[PDB]
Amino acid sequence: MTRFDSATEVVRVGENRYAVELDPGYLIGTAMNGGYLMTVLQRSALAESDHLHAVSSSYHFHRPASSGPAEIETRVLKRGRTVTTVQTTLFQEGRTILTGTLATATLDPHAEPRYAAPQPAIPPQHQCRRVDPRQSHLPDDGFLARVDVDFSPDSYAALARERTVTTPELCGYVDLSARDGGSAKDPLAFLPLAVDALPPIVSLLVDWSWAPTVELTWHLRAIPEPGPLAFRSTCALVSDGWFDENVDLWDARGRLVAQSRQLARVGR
């Protein structure tokens, strides 16, 4: 087992009802990381579905969650031969935290694209640079110790402020941490965390290092084989406190597997 496998398990407690334990190791401060809460909700949805994969998932974040127990309430909105859509909502201390709606279907793992834009040039993982997480009061050194994130030299330079930031862009490789048990066993389970496992892109543009997510929708495009994911994060506009963070993930083979866009407002 990897820490993630244990941390993200959801137990069926009743019909359309699940129980989960939020692992404080995924705290980014006083709130749980959003991607971790997505991972748990994704599990609830596929448990209720006749299809294997979460092909489009839209999540609306209402309030921060903390460690300990949380409860999940699911609802199938539409069942179909190709697409089955499930609504899943997370509760904690009598309050709604987050709601997701997921279009589930079963993708062909050997499907050949009819068209595919090339993966943008990203340096090999060995030429990339990682920042060793220092110790933290957060349980087991909090969120930053749950994932290994390798940045291209330019991305590192950007985050470390040792270079000019003309256009906001980060890239490199991401995976579950070596510390917690190595690469994800089930990549698909990890994608919802992966899309939200990187430094907020806004940190490169205004002087806020984070924002609570308001909305994130992400799409599964191909079935990835296990291993670290190549990532690229961009932003087209910061205005009236609002910013867009666009994260794409590719696999070892250069196959686009995830396209994510979240919207968040600074100072909330």
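A residue's number is simply how far along the shown sequence it sits, counting from 1.
The PDB entry records a higher mean C-alpha B factor for 126-134 than for its counterpart among 140-148 and 126-134. When 183-191 is weighed against 156-164, 156-164 comes out higher, by mean CA B-factor as recorded in the entry. Among the modelled residues of its chain, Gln92 has a C-alpha B-factor that falls in the highest third according to the deposited record. In the deposited entry, the Cα temperature factor of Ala19 places it in the middle third of its chain's modelled residues. When the modelled residues of the chain are ordered by their C-alpha B factor, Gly68 lands in the highest third. The entry lists a Cα temperature factor for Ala197 that places it in the lowest third of the chain's modelled residues.
When all modelled residues of the chain are sorted by CA temperature factor, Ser177 is found within the lowest third.
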